[PDB]
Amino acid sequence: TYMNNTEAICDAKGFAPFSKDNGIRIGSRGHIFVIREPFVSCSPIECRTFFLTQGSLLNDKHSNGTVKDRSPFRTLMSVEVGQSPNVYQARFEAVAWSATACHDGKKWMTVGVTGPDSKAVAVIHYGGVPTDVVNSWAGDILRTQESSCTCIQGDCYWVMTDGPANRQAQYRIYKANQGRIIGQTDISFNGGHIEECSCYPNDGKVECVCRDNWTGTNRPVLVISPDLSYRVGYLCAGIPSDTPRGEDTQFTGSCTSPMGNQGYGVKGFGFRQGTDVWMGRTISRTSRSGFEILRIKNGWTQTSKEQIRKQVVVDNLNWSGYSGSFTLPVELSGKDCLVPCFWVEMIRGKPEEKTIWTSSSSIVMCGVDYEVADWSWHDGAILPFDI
């Protein structure tokens, strides 16, 4: 039975802790994969943490990070949300140095890009087998969300980028049913730049807040209709939500074009709330440390900088990193609306710490009807490790 994700996103005063896996502390002695980009997606029955494995284990010579991001040993695997990315509970998903995964109601669909940078291959899995394939259309590191993809009425949608990391690239929407690609569209977005989209179903369409790694501190935003018509631009709110970024007071927002004169970036998320936005961001405007979620009044549709609520979840004394979006299925939450939820990756080791290795642990938050007090559910590992 196909999941209907046609409802509106729940309006939410605050965010409550869902889980915390404790990957790295546990991996001081347990058998834990060295991972990065640990996103969450939910099936009608259970939510799971997916993650790229570097194919090695914490506290072992193979975690020696000289090993490439985009290596043949990089696999997409998963476990249940809140469990560490450990070998003995891991489920194999796909070979991928960049990934997206989402469940439609019957089965899991996953998309793992691997292979050489000039002609990468993306295998689409459905229910545990390859079902279809996308090739590099631009010969420059084919990539995708690193976050849950979005299934509405049996059809699953996702965004992909082919091209340079720091100048104009090419961006596409892709549409599958039961693991077969059944539609796709280029995204006309000049000067603009889109990477690592964080999407969620909302009102029968698909909203993503993604990353601009070229010019913009604000995040690109698109809304994909079921016929892969779309609208694209930037999260309107007059507050930079990327990293690095300039201070809030030196930033004029825009619904149209990038703002800020910085390159680089980091993956983030945002949730539409009527016309408001819940937008996540690192606390540091410089590095990937600390994490907070601001609610800007009218920020989805205005250059507003009127802030209703702010809730710290990782304090500025602790490393954070990637963040992404997903919803709770109605069939799990009880609600008549789609509960917004996010995860926050917390990076330990290189480049900011003196270890041979790099990995991350995560924490997942879900949208509730109440204000939740500020806190810091930071990673917690005692660095360095035995090496």
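Position 1 is the first residue in the sequence shown; the rest follow in order.
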### Message
Mean CA temperature factor from the deposited coordinates, higher in 83-91 or in 119-127?
### Response
119-127
### Task
Please work out which of 173-181 and 73-81 has the higher mean CA B-factor as recorded in the PDB entry.
173-181
#### Entry: Deposited CA B-factor, highest of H31, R48, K354, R36
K354
### Message
Out of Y264, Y200, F269, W108, whose C-alpha atom has the biggest B factor in the entry?
### Response
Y264
### Message
Quick check on the deposited entry: does the C-alpha B-factor of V67 sit in the lowest, middle or highest third of its chain?
### Response
highest
## Note on the structure
Tertile call for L338 (CA temperature factor, within chain, third-based) is the middle
### Query
Within this chain, which third does the Cα B-factor at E292 fall in: lowest, middle or highest?
middle
### Task
Would you check the entry's CA temperature factor for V159 and let me know if it's in the chain's lowest, middle or highest third?
lowest
### Message
What third of the chain does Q250 rank in for C-alpha temperature factor, lowest, middle or highest?
### Response
highest
